[PDB]
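Chemist: One structure follows; several queries about it will come next.
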Ligand SMILES: OC[C@H]1O[C@H](O)[C@@H](O)[C@@H](O)[C@@H]1O
Ligand SMILES: OC[C@H]1O[C@H](O)[C@@H](O)[C@@H](O)[C@@H]1O
Ligand SMILES: OC[C@H]1O[C@H](O)[C@@H](O)[C@@H](O)[C@@H]1O
Ligand SMILES: OC[C@H]1O[C@H](O)[C@@H](O)[C@@H](O)[C@@H]1O
Ligand SMILES: [Cl-]
């Protein structure tokens with residue numbers, strides 16, 4: 001046997017349009033988040049996704065805390081960023097939580113119309129915001145207690161969608177990012193259940209958060225990320241969604257102790273993010289958002305502190321430097337293409353071809369078992385390792401010898 005996963009994107013990818021980042025700007029001073037934005041702009045990116053928690057913005061009924069958010073929205077416009085905000089959680093006055101429950105905000109609102117009016121208020125207050133997203137991961141108990149409720153979420157989404165379109169009928173409404181591939185504890189998927197409730201008629205953007213242990217799946221013997229993504233993306237297109245985003249994905253560089261995610265460190269983070277980026281940019285997403293722009297302080301859980309492209313001082317981590325090298329090699333826009341002709345590409349390889357703006361071909365490739373591959377048609381090419389920054393001219397009188405790594409490499413050829 002011999003199995004290779006080849007991907008070819010369905011359309012051209014323009015990184016500025018396609019690749020955004022999650023951010024947690026309200027956690028930081030304007031001085032600090034403006035530095036983060038400097039680093040983001042240096043990558044040639046402009047899309048950001050920010051979280052709003054209702055119980056932090058409205059601390060009692062009609063008592064708001066918006067000074068920081070007001071300033072942030074002005075600063076985001078001043079930096080020419082394109083933003084999507086999601087609102088999640090119940091304010092204390094409207095929550096369905098039992099009086100004694102420790103997780104008051106993790107319950108949905110008693111009245112979806114009250115939530116909807118808040119989203120409308122925010123949208124009218126901040127017309128520069130590019131898109132509004134309704135709740136977050138409702139297929140997870142931590143965001144919708146005491147148990148997943150597709151009917152309940154559909155009613156919330158419908159009410160919010162109506163209110164948001166009253167404010168601006170042309171602005172996109174984004175449904176909640178579903179955790180993983182939208183699976184619920186009962187064995188159903190939220191996307192399927194919402195489909196039966198006719199939610200696709202609302203015309204909201206569909207999004208999910210396909211975190212996996214490895215870039216290409218959860219186990220080395222079951223690398224089925226591409227299979228799952230293709231399956232859910234096809235179903236969503238079939239349902240007639242206006243667009244598909246992935247509003248969260250990524251890995252933490254935390255040193256532990258282990259909580260869900262294996263310890264991989266700053267170098268593992270760089271490796272995994274680049275491989276996953278190579279996969280998702282060749283799948284049928286209209287936009288994706290890396291989680292996340294910056295490391296966070298002790299207000300975040302141990303794992304959640306280290307997903308950043310940047311450390312707490314807003315300085316590059318290895319994943320940033322790797323992504324920066326990667327995007328410099330690709331240039332700003334990639335058009336779908338085929339990989340070069342190969343001889344003895346190793347079993348397990350991933351293989352993705354593109355052409356960049358100057359017409360040169362770009363081949364993205366890796367394999368868990370490493371090894372070597374021969375390219376019989378080529379006499380010269382340039383090999384890039386975005387993790388080390390090593391650049392190697394390759395040459396041959398009648399074909400190239402190319403080393404294969406477990407990490408992504410980029411071959412630029414003609
Ligand atoms: O709670 C974490 C952190 O994120 C929120 O968006 C803001 O309300 C901050 O003031 C808060 O400290
Ligand atoms: O907010 C990011 C959050 O995403 C999902 O809910 C999970 O994969 C967690 O692994 C992760 O921390
Ligand atoms: O099977 C792969 C997996 O197995 C072990 O538990 C650990 O070594 C992990 O770091 C590794 O990724
Ligand atoms: O937890 C992540 C955090 O750890 C330490 O505090 C420092 O190295 C920071 O720069 C880094 O962002
Ligand atoms: Cl170019």
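Chemist: Tilt of helix 112-125 relative to the longest C-alpha principal axis of the chain, in degrees (0 to 90, nearest 10)?
Modeler: Around 70 degrees separate the two axes.
Chemist: Quick one: helix 265-280 against the long Cα principal axis of the chain, what's the angle to the nearest 10°, folded into 0 to 90?
Modeler: Once rounded, the angle reads 90 degrees.
Chemist: Let me ask something else. For the chain, what relative contact order do you get, as a whole percent, if you take Cα pairs closer than 8 Å and at least 6 residues apart? Could the numbers behind the result be given before it?
Modeler: Numbers: 882 pairs, mean separation 65.2, N = 414.
Contact order relative to length: 16 percent.
Chemist: Hey, another quick one. Students often check this: by mean Cβ neighbours within 10 Å, which of 297-304, 121-128, 51-58 ranks highest, and how do the rest follow?
Modeler: 51-58, 121-128, 297-304
Chemist: Further question: If you take every DSSP beta bridge fully contained in the chain, what fraction is antiparallel? Give it as a percent rounded to 5.
Modeler: DSSP beta bridges in the chain are roughly 55 percent antiparallel.
Chemist: Pick from 348, 359, 250: which residue has the top mean-square fluctuation in a GNM of the chain where Cα pairs under 10 Å get a spring?
Modeler: 359
Chemist: Still on this model: With the alpha-carbon atoms as the only input, what is the per residue convex hull volume for segment 333-414 in Å³?
Modeler: 86
Chemist: Also: Could you rank the peptides 227-238, 87-98 by their average count of other C-beta atoms within 10 Å per residue, with the highest value first? Mind showing how you got there, number by number?
Modeler: Values: 227-238: 15.4, 87-98: 19.3.
Packing order, densest peptide first, comes out as 87-98, 227-238.
Chemist: So if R0 is 30 Å, what FRET efficiency would residue 335 and residue 62 give, r being the distance between their Cβ atoms, rounded to the nearest 0.05?
Modeler: 0.05
Chemist: Still on this structure, please answer the following. By average Cβ neighbour count within 10 Å, what is the ranking of 280-286, 252-258 from highest down?
Modeler: 280-286, 252-258
Chemist: May I pose another question? Would you mind getting me the FRET efficiency between residue 162 and residue 260? Use the beta-carbon distance for r and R0 = 35 Å, nearest 0.05.
Modeler: 0.45
Chemist: Return the distance in nm (one decimal) between the two label points of a simple spin-label model at residue 401 and residue 74, each offset 7 Å from Cα along Cα→Cβ.
Modeler: It is 6.4 nm.
Chemist: Along its three principal axes, how long is the chain when you only count alpha carbons? Whole Å, largest extent first please.
Modeler: Rounded to whole Å, the extents work out to 75, 47, 44 Å.
Chemist: If you don't mind, there's one more thing I want to ask. Kindly give the semi-axes, whole Å and largest first, of the ellipsoid equivalent to segment 87-190, taking each as the square root of 5 times a Cα gyration tensor eigenvalue.
Modeler: Values: eigenvalues 110, 57, 22 Å².
Each semi-axis is the square root of five times an eigenvalue, giving 23, 17, 10 Å.
Chemist: Please give the length that would be gained between residue 224 and residue 357 if that part of the chain were fully extended, namely 0.36 nm times their separation in residues minus their C-alpha to C-alpha distance (nm, one decimal).
Modeler: Here the segment from residue 224 to residue 357 would lengthen by 44.8 nm.
Every residue, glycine as well, gets a Cβ built from its backbone with ideal geometry; the counts of neighbours run over all protein chains shown. Read-outs: derived from the displayed coordinates by stated rules, not from any lab.
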